[PDB]
Amino acid sequence: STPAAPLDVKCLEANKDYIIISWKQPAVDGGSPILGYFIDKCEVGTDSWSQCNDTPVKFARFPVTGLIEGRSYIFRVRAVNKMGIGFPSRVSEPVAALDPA
């Protein structure tokens, strides 16, 4: 009854101050509408996950902030419906918090 995991977590843009991520809605919503999404981050050296947003976001392209310039991060997304929070997506590829070019 909680939703399935979001799919295909990806990075659209990175710089040292924010990283934009997207994903795709889960194919299964648990029989209730997806109310939104939690995006978690984990520094590549670690196993410690932090929640990037306090309240779910409806949309599928989140700017992650609270980054340390030069550290690299992997991300996951959890979907929420009225029943609660589903299991996290597969983790993303690593992204460095560096300005491009």
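Details of the structure are given in the entry above.
To start, this report covers the structure provided alongside it. Counting of residues begins from 1 for each chain and follows its sequence as written, which need not mirror the entry numbering; any residue without coordinates is not displayed. Calculated side-chain values reflect all of the structure's heavy atoms, with hydrogen atoms and water omitted.

Looking now at the sheet that holds strand β2 (residues 19–24). Reading across the sheet, the three strands line up as β1-β2-β5 and stay open at both edges, with antiparallel pairing between neighbours. Two strands bound the open sheet, and with one partner strand each, they are β1 (7–14) and β5 (61–64). Averaged over all adjacent pairs, the angle separating strand axes in this sheet is 25°, with direction ignored. A pair of strands is labelled paired if DSSP reports no fewer than 2 bridges between them. A run of H or I in DSSP counts as a helix once it spans at least four residues, and a run of E counts as a strand once it spans at least two, with each numbered from the N terminus. Pairing analysis gives five bridges linking β1 to β2, with the strands arranged antiparallel. The partner of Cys11 across the bridge, within β2, is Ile21. All axes are obtained by fitting lines to C-alpha atoms, using only the stretch in contact for helices, and the reported angles, taken between N-to-C directions, cover 0 to 180 degrees.

A separate point is the environment of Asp8. With respect to the secondary-structure elements, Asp8 resides in strand β1. Note on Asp8: relative accessible area 43%, which makes it partly exposed. For the pair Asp8 and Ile21, spaced 13 residues apart in the sequence, the C-alpha separation amounts to 10 Å. Contacts are assigned to residue pairs with any non-hydrogen atoms lying within 4.5 Å of each other. Not counting chain neighbours up to four residues away, the residues in contact with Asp8 comprise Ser22, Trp23 and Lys24. N or O atoms within 3.5 Å of each other form a polar contact, as long as, within protein, one can give a hydrogen and the other can take it, and as long as residues adjacent in sequence are counted only when both atoms are side-chain atoms. Side-chain polar atoms of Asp8 contact the side chain of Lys24, separated by 2.9 Å. Categorising residues by exposure relies on relative accessible area from a 1.4 Å probe, with only protein chains included: less than 20% of the type maximum marks a residue as buried, more than 50% marks it as exposed, and the intermediate range marks it as partly exposed.

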